[PDB]
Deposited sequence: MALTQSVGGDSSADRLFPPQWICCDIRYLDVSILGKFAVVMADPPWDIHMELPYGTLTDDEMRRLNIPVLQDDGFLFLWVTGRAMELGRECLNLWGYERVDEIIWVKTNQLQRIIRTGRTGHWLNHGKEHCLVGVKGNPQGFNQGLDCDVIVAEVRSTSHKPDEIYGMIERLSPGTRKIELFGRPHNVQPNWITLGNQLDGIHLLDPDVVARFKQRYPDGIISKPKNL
């Protein structure tokens, strides 16, 4: 079911096996640099979410190393690394421990052998205006769509502005639950017949 879907929940406690498999997984975790500890990050059940496809993992500070650990622990090889150069409304780098930071990093991991992906269409540098705090640029959805058109995708730790067609967005600041894919709605009812996601 093509239109935006989402689940308000705590990604630590949701039974993500009800969601199926995804061609692309994207994630913008609250690394401890409301955060999640390194073992909580390590323990997330990313491995069940895909058989073949790509993981896009935003990282910063020591998460550049830690996210490489999770990415390998979850079963991925890191094959690329996107750099978002943060500009203002006039295309100047905004700046802002040893060097000011002009950019944020997004690790690209492969799992399995994904086929039919349009590798090569975009390049590994995004130039896009900064917005709210920790708000990533919408350009990433275009590149991901051009890479894997029409396939189902999952975002972790999204806010409402992250909801996107062909995606299922998970976060604890989403307005409730909104599921349309019938296969998911089925498995969600069975696993959550009263609608509460705890433990």
Subject >> Missing stretches, numbered from 1 on the deposited chain sequence and kept in order >> reply: 1 to 15, 49 to 54, 118 to 121, 225 to 228
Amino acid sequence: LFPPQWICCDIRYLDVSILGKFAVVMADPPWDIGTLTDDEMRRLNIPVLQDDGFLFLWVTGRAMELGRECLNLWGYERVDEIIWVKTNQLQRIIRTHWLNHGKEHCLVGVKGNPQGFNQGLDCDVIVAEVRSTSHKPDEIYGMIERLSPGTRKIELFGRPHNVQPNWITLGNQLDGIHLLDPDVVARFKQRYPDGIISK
From here on, numbers count along this sequence of modelled residues.
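What we label the rigid core is the largest C-alpha set whose atoms superpose within 1.5 Å from one form to the other.
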**OP:** Could you say which moves further from this form in 4 other deposited structures of this protein, stretch 128 to 136 or stretch 164 to 172, by root mean square CA distance after aligning on the core?
**Re:** 128 to 136
**OP:** Please report whether at least a third of the other compared entries leave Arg95 without coordinates.
**Re:** yes
Subject >> Given 142 to 150 and 126 to 134, the range whose Cα B-factors average higher in the PDB entry >> reply: 126 to 134
Subject >> Per the entry, higher mean C-alpha B factor between 64 to 72 and 34 to 42 >> reply: 34 to 42
**OP:** Would you check the entry's CA temperature factor for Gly109 and let me know if it's in the chain's lowest, middle or highest third?
**Re:** lowest
Subject >> Assigned third (lowest, middle, highest) for the C-alpha B factor of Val85 >> reply: middle
Subject >> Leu99 by Cα B-factor - lowest, middle or highest third of the modelled chain >> reply: middle
Subject >> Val184 - which third its CA temperature factor falls in, relative to the rest of the chain >> reply: highest
Original post:
Mind checking which third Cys9 falls in for C-alpha B-factor across the chain?
Top reply: middle
